[PDB]
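For reference, the chains in residue letters:
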Amino acid sequence: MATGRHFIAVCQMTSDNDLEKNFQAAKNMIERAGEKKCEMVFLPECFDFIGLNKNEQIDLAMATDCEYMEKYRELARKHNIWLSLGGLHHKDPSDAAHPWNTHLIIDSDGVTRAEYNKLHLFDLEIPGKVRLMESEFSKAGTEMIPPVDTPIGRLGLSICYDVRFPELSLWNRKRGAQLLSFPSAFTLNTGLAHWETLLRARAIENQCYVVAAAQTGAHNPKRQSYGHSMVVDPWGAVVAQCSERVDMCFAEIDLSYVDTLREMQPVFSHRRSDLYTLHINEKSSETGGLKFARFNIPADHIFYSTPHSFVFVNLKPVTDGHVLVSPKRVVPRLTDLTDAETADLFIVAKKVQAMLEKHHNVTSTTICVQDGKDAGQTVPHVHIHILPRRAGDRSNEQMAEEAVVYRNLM
Amino acid sequence: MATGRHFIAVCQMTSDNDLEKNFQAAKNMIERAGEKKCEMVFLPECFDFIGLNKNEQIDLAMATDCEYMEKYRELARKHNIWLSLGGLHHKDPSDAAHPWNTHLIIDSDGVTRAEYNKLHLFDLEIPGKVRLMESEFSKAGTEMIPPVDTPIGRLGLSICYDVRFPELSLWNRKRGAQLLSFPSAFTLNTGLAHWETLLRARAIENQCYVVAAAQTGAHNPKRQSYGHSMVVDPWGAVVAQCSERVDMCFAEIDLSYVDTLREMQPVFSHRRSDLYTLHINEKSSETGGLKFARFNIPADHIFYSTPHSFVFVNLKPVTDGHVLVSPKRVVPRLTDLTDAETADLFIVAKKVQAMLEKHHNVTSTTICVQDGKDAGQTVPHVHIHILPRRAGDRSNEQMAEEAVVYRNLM
Amino acid sequence: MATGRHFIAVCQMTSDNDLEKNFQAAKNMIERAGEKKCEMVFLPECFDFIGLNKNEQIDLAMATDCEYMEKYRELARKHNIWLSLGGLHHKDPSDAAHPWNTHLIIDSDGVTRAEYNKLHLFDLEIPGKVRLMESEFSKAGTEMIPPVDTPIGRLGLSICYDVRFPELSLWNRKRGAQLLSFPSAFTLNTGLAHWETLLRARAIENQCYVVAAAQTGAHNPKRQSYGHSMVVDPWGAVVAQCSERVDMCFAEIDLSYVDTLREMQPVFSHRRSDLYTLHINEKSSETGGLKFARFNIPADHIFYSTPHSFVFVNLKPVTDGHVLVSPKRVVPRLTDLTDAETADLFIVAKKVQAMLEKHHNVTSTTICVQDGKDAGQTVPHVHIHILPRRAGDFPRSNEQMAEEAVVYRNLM
Amino acid sequence: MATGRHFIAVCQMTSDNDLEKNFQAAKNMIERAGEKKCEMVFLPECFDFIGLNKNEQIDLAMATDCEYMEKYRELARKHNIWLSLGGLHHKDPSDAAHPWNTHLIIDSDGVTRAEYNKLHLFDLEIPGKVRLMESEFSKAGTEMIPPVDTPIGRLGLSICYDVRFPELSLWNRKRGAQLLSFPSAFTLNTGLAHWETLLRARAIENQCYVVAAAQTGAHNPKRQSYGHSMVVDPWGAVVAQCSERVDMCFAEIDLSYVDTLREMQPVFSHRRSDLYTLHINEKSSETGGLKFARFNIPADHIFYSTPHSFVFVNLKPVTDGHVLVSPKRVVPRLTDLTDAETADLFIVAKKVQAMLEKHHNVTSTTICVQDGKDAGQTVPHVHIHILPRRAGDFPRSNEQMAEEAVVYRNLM
Ligand code: EMC
Ligand code: EMC
Ligand code: EMC
Ligand code: EMC
Ligand code: EMC
Ligand code: EMC
Ligand code: EMC
Ligand code: EMC
Ligand code: EMC
Ligand code: EMC
Ligand code: NA
Ligand code: NA
Ligand code: NA
Ligand code: NA
Ligand code: NA
Ligand code: NA
Ligand code: NA
Ligand code: NA
């Protein structure tokens, strides 16, 4: 994976409702980024456009794989450079009334390597005073995207308002991010007070470079952005920033500096996990079985998994729907688990419970945990018995037949 | 509770190992704070002293209620002013080798209204390079203290390094804090890069005033502090700061400004709780029973409680140790609970499990949850059956007799 | 004179065309300042009002002068506090279109203690896309006003745009200022970029506190201000700043601190007076006196003087108008003068020449300086002879001399 | 001349007394700059070394000049890049204790393009508790060095402490600078408070990019530097800054941007030249020419000139040494001159007077100016007569005049 020094360029622009003009601006900077042999170029949120009306910023929503986007993918190839499209107006075939705010990272091939959907939207609705609903022009993302590996390092993905919620960034760092990102279209009055401080703060708390390509100037009579597109190092210093205008800045991030800081200031090893736990709901994929004590549970027997736990079908179902929920960390007692695990184990149990009832169509479930010899534990590895109930109350090939049905319901 | 405008003074000093000199400096500023009719004065971490050796910063550790401290309590009375003693070297009768870093808030009567023990310590130990262990000169605090009500508003308590962990502050705001605090003795090189940014960041993310009284200058040949004691408003502006020297600054915080901002920018109503949850382990006191569906469980029947859940002794114990764990929020199904609740419910179940086994001296427990008619739920309110096991397997006056024994073990 | 600690209050506001609303905003803050026993409060630049157009600002100037000006003097007296009125629209009796932008300092008794007229105005005339003319709603000052002594120290005076010019502030510091002031109404876009840096820079490079009450928010549909009213110390630290709204902030200034810095960082003792000189046109006021060699020139005979020079009538003039320009420092050679003194001495000669030619109605003048025994110098003190000339051309009573001096004095 | 965008690199380092280590640090960065095709790199103030004592700094100055100076010129040529050596210990052949602090600009061919000697040194002598004397390890410059043209623009030159003095920077901007430079080694405690604000302020008030490579970290047990090497744009934005360590940062500067700002914010067209004047002693270099009324004074006869004035020998001198001082702008009256011109004209007269008296060995001088027909003025162009005087006292060949001018020219 990425290591050492890497040269990158951050783009600042003032997008119109004139998609061609907007494109030309960007293309011009990307070309210059290539000329300087940058490995990656970052563009701001709303890089595609910023319409006058909303029947406009919903009518122009693209497909991520459209003819406009191809112009970008074509550029990435042409200049052998990765791209960070800060926040595309992602049209949703089903709900055209609510596009997505998608941050895309593209290959030197033009191949999308990652997509992140703005998770936090601004919704203010004060009875008879003011009503500004971002959730009216767009739609929030539904899941947590982990950082992506790039030639310049582990890049955490976020967008604008996201910067305001520390939990999201702490998580990305925990998932091994080296650089955080916050392409944005900040307000002049908000940005002039919170932009630099919030970005520098994120970089310092997570000890990561922060790359924030932004919108600046007036997009139209009723909209102006703060600008100040910058790059912050893992120590909180602003090592690169654009001048007040449509232009770019350059930075040479050094992944080694990140390592040095994390080593000399092990903050993430100082967190009192015995007092607080930042739980995140993440859905991971198991391209290989998992250890249930000494036994090996086949990936085809697992229908849901997260970085802390997994759910697998039983070899001796005490009743239809009877599955198991155990922590990836091989541990026998519940009292041996850490809050992160305890919390994730039962929140997963909750997600699984609801699904088993929608399927086996019932309205009752029993959660049992045999922790100890005297309690009936037949295997030294914590497992939650989740068994749906009704009125009454194994084929290795048929066990994966069950696991498949559930996997599509999780 | 506190409302409106309130005038406060922040003290900056460079403490010696000369407790009398240090005292005089502080007393002088407190007197001036009184003269200006301030309602509260904040002093920095290590306000009592900063010794040359460690056999010194462990020998001088006080009692919180000693003759030195009385000088302060006497001052609070004399000038009718609340005090924030940023970080006293709190001697522990049992472990004299590890004092506490205690932030105290004192009455206009000299009455302690709150104590907070530094939760985060700096411990760096790189094999053959450098070894700086804060946990060698002192001892971390063991529990989470909630904000205290003061005449100037809901004051969240923290100390120095704490500022580096966002979770702690998000929690304090959630517990209704209006002002956060971070009295400190920051390093010149660290502070010159992270002080203002981290404080301004906390104020902005939690929309609270931030009061940080600090140490400055050189305490001795081998120790210098950053200083820059300040006050930040809920918008991130530094409204007051001390000059580079032993002196104070004044600020008039306006709790209404806090309300305005929180209303016009409802960030804490934008957090995706469906994706992440900041769980905190807090121990609350129930000076009154709780609703277990429609029934009323007596406080004397409850041995442990938190802002999300409670544990009470059963009216029909299926076996010794058989207790119940339910969420304060009256809900029937597990799938009706929020991650905060799910997580806290079972982490409490974990804490309770371990205690029941240390007492009933056994090594097995069963966790059951009858969620639904068909599962055997006899009451429409989620409750976890926690029943310790062995080989074999109600007096209202004797039920509180059990609850009392456990309460002292929780 | 003032020394020690002093408590002050800085006010921020959003002035519009509602004199009563602006006044009530200012009054509220002055009252709170008085309640906290502040010795002085600072109001921002257009504290009186910001009109929607030229004609309205003319009407408002009259309505302000007529009703509110005195109301502030009353507040000053009632709350026993000094006021710094950051820059009112001072209506000019003979030019209603161009009032001055006056910074007024009012004492505890409501008495004007000093008046600064904004010297720097922003004039942008781009035939193509722009025309922003501040001199179309105003008129720049005419004199350099030295710092005023106040209960909080030597206060230098200026108004926003003045910050961009270092010359102005360096001067005030040299003239004894311990605090500089920059009451103002900055544009949101320009303030958002230069406000803090400039105010802090002036503080640091001049080693003075900087007090800058400012306008903030939306005044009208097409006028916005940055805000961020603050107080910066002599080391450049922002010790107090208003929150984003119509409100105030408090700061205790310490003149001791200024002194301490001036001593551990004697920056002003390090200037290369030999390479560069900052000359300033300043007319001095004097009880009298002044030596010319061992001679005592009575004030009656001195009609113009600056911190560096003085001009006086001649007992034995070689011709009508023959006056003398001399440095206050008593030295004989022109080569004894410092660049600062040489610049002033001849720039003053330039002013006297013009004054004399207009008065005596001549069009020629001879400037002569005899430096040395062999050049005919009669007294060991540099003096420039300024001789008006006529086509004819080549002991006087005290009464004649005093009169001639009175005449010239009122033409300078 | 240079226009458009230009890529540059700024270097930060922790120089000590190990010339080889410091050089390898600098070399590494210059190579990386070359690899990125930068047109110019900036090294900090004491890039050569920081010694543990007076004697070591003298030894190191020799060892530097002997081996490393040329090595940098080689790097310049090899990597086809221009160098800005922030302030080497320039050993003075006749005073080993007081070298100059020279800022050198080396071009692509390793040729010195310009040399600035630090004009401002920090001297603190408090009989009581302190004695910090920079002039004890150095010697201040002697001349004002105007900006140098480079592939990246008009570069003004300075070294750290110079930032505190606005005069120096205002001048460079007036002399055409598009970028100001402040290579340096700031104290950790002073930089931590004034570094960013001052650099940014100079940028804003002069509308120039500011390039400041700096020392950082611990040099030795009792010497620390702030660091934070950066590049500020004409609007005051910090566009590039090194991380906390021995490393570099990159910035693309745009001369177009400077221009644009200079036009939408014509700050320098707004200065009150009528109230204050910033005079600077500068000796001009000239191909020749210069008119005196309708007369063409050949360079052969001009022995001293500044941006505002020139002095020349006389065809019909009334006495040995009779020369003339005149403003370059052709105007007849002394009252036609601007304060800037009046200050310069007589400060130059002051210098010529001294030069002539020492040369002709006299002790008296008569300075005379005839302004107007009736004052005897013969040509309609201001000219000051400078007449050396003797006890005796009161057409010349081109050869005599040219010679006399050569003599005087080498004494100014
Ligand atoms: C909704 C993408 Hg700007
Ligand atoms: C709509 C927040 Hg960039
Ligand atoms: C351990 C209190 Hg400074
Ligand atoms: C020891 C951290 Hg203030
Ligand atoms: C022109 C006075 Hg605000
Ligand atoms: C003096 C009454 Hg307008
Ligand atoms: C001329 C800006 Hg208040
Ligand atoms: C005195 C040159 Hg660093
Ligand atoms: C020029 C050899 Hg030291
Ligand atoms: C004289 C400070 Hg580099
Ligand atoms: Na499209
Ligand atoms: Na004690
Ligand atoms: Na000033
Ligand atoms: Na102060
Ligand atoms: Na004469
Ligand atoms: Na300069
Ligand atoms: Na630029
Ligand atoms: Na003559």
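- This entry, as listed in the PDB, derives from X-ray crystallography and reports a resolution of 2.80 Å.

- Per the PDB entry, the recorded name for chain C is NIT-FRAGILE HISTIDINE TRIAD FUSION PROTEIN, and the organism is Caenorhabditis elegans.
- Per the header of the deposited record, the title is "CRYSTAL STRUCTURE OF THE C. ELEGANS NITFHIT PROTEIN".
- Comment text from UniProt for chain C, heading Function, reads "Cleaves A-5'-PPP-5'A to yield AMP and ADP."
- Quoted verbatim from the Catalytic activity field of UniProt, the annotation for chain C is "P(1),P(3)-bis(5'-adenosyl) triphosphate + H2O = AMP + ADP + 2 H(+)".

- Looking at the PDB entry, chain A carries the name NIT-FRAGILE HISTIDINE TRIAD FUSION PROTEIN, with the source organism given as Caenorhabditis elegans.
- In its Sequence similarities section, the UniProt record describing chain A reads: "In the N-terminal section; belongs to the UPF0012 family."

## Re the relation of the copies chain B and chain A
Consideration 1: For the match of chain B to chain A, the screw axis carries a shift of 0.0 Å, the RMSD comes to 0.0 Å, and the turn is 180°. Considering both components of the superposition, the chain copies are consistent with a two-fold axis.
Consideration 2: A shared binding surface is used by both copies, with 100% of the interface residues of chain B retained as interface residues in chain A.

## Some thoughts on the interface of chain B and chain A
Consideration 1: Counting from both sides, the interface comprises 77 residues of chain B and, opposite them, 77 residues of chain A.
Consideration 2: Here chain B and chain A share an interface that buries about 6800 Å² over both sides, 55% of which is from carbon and sulfur atoms.
Consideration 3: Counting the surface chain B buries against chain A, the share from its top three residues, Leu275, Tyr276 and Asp374 of chain B, is 10%.
Consideration 4: At the boundary of chain B with chain A, the tally comes to 10 salt bridges.
Consideration 5: For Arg333 of chain B, the salt bridge goes to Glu357 of chain A, with nearest N and O atoms at 2.8 Å.
Consideration 6: At the junction of chain B with chain A, the criterion picks out 44 residue pairs in polar contact.

## A few points about the side chain of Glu205 of chain D
Consideration 1: You can see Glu205 of chain D is positioned in helix α4 (residues 188-206).
Consideration 2: Not counting residues up to four positions away in its chain, the partners in contact with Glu205 of chain D are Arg164, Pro166 and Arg202 of chain C together with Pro166, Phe268 and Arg271 of chain D.

## Here we look at the pairing of strand β17 (residues 276-280) of chain C
Consideration 1: Extensive coverage of β17 of chain C is indicated by the burial of five of its five residues.
Consideration 2: Because side chains alternate across β17 of chain C, one face comprises the buried residues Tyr276, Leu278 and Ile280 of chain C, and the other comprises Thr277 and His279 of chain C, equally buried.
Consideration 3: Looking at chain direction, β17 of chain C and strand β17 (residues 276-280) of chain D are connected through five bridges and run antiparallel. Counted as the bridge partner of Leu278 of chain C is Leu278 of chain D from β17 of chain D.

## Some words on the coordination of the sodium ion (ligand 13)
All names here are of chain C.
Consideration 1: All of the protein donors around the sodium ion (ligand 13) are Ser158 (OG), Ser169 (OG) and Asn172 (OD1); their distances to the metal are 2.9 to 3.2 Å.
Consideration 2: Each donor residue of the sodium ion (ligand 13) belongs to the same chain, with the gaps between them written as S-x10-S-x2-N. Of the two residues, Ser158 sits in the loop between β9 (153-155) and α3 (166-174) while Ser169 sits in helix α3, which places them 11 residues apart along the sequence. Judged on exposure class, the residue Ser158 and its partner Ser169 are both buried.

## As for the state of the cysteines
All names here are of chain B.
Consideration 1: Under the definition given, this model contains zero disulfides over all chains.
Consideration 2: Left without a disulfide partner, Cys11 is nearest to the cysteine sulfur of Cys242, which lies 7.3 Å away.
Consideration 3: A residue is classified by how much of its surface remains accessible, and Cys11, at 0% relative accessible area, is buried.

## A look at the sheet that holds strand β2 (residues 40-43) of chain D
Residue and element names in this part refer to chain D.
Consideration 1: The six strands lie next to each other as β5-β4-β3-β2-β1-β16, forming an open sheet whose pairing is mixed. The sheet is open, and its two borders are formed by β5 (112-117) and β16 (248-254), each paired with just one other strand. When the angles between neighbouring strand axes are averaged without regard to direction, this sheet yields 30°.
Consideration 2: Inspection of the sheet shows strand β3 (residues 82-92) paired to strand β4 (residues 95-106) by seven bridges, in the antiparallel sense. Within β4, the position partnered with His90 by the bridge is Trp100.

## Considering the coordination of the sodium ion (ligand 14)
Consideration 1: Summarising the metal site, the sodium ion (ligand 14) is bound by the protein donors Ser243 of chain B (OG) and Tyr209 of chain C (OH), whose distances to it range over 2.5 to 2.7 Å. Here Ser243 of chain B is found in the loop between β15 (238-241) and β16 (248-254), whereas its partner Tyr209 of chain C is found in strand β11 (residues 209-212) on a different chain.
Consideration 2: Assessed through its relative accessible area of 2%, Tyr209 of chain C is described here as buried.

## Describing the domain arrangement of chain A
Residues and elements named next belong to chain A.
Consideration 1: Once the domains are mapped, chain A shows domain 1 (1-89 + 101-282) and domain 2 (283-409).
Consideration 2: On a C-alpha basis, the centres of domain 1 and domain 2 stand 38 Å from each other.
Consideration 3: Every contact between the two is made by seven residues of domain 1 and, on the other side, 11 residues of domain 2.
Consideration 4: For the domain 1 and domain 2 pair, buried surface summed over both sides reaches about 620 Å², with 53% attributable to carbon and sulfur atoms.
Consideration 5: Broken down residue by residue, the surface that domain 1 buries against domain 2 is led by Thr277, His279 and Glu282, which jointly contribute 72%.
Consideration 6: Linking domain 1 with domain 2 are zero salt bridges.
Consideration 7: Across the contact surface, domain 1 and domain 2 share zero residue pairs in polar contact.

## Here's the deal with the environment of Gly288 of chain B
Consideration 1: By the element assignment, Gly288 of chain B lies in the loop between β17 (276-280) and β18 (290-292).
Consideration 2: Residues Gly288 of chain B and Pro317 of chain B, spaced 29 residues apart in sequence, show a C-alpha to C-alpha distance of 23 Å.

## Quick look at the sheet that holds strand β23 (residues 365-371) of chain A
Consideration 1: What the 10 strands build is an open sheet, ordered β20(A)-β21(A)-β22(A)-β24(A)-β23(A)-β23(B)-β24(B)-β22(B)-β21(B)-β20(B); its pairing is antiparallel. Looking at which strands have only one partner, the edges of the open sheet turn out to be β20 (302-305) of chain A together with β20 (302-305) of chain B. Geometrically, the sheet is characterised by an average inter-axis angle of 20° between neighbouring strands, direction not taken into account.
Consideration 2: Strands β20, β21 (309-313) and β22 (323-327) of chain A of the sheet are contacted by helix α7 (residues 396-407) of chain A, whose axis makes an angle of about 40° with β20 of chain A.
Consideration 3: Against the sheet, helix α6 (residues 339-359) of chain B engages β23 of chain A together with β20, β21 (309-313), β22 (323-327), β23 (365-371) and β24 (384-388) of chain B, with an angle of about 15° to β24 of chain B.

Thresholds, definitions, all that
- Residues numbered from 1 in each chain as written, not as in the entry; some residues may be left out.
- Chains lettered and ligands numbered in written order.
- Heavy atoms only, no water.
- Residues with missing side-chain atoms left out of burial classes, pairs and counts.
- UniProt positions renumbered as here; feature names shortened; annotations may be inferred.
- Least-squares fit on C-alpha atoms.
- Contact = heavy atoms within 4.5 Å.
- Buried area = accessible area lost by both parts, 1.4 Å probe.
- Salt bridge = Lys/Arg side-chain N within 4 Å of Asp/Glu carboxyl O.
- Polar contact = N/O pair within 3.5 Å; in protein donor to acceptor, adjacent residues only side chain to side chain.
- Helix = DSSP H or I, 4+ residues; strand = E, 2+ residues; numbered from the N terminus.
- Buried < 20%, exposed > 50% of the residue type's maximum accessible area, 1.4 Å probe, protein only.
- Pairing = 2+ DSSP bridges.
- Donors = N, O, S within 2.8 Å, 3.2 Å for Na, K, Ca; no water.
- Disulfide = S-S within 2.5 Å.
- Axes fitted to C-alpha atoms, helices over the stretch in contact; angles between N-to-C directions.
- Domains from an automatic or database assignment.

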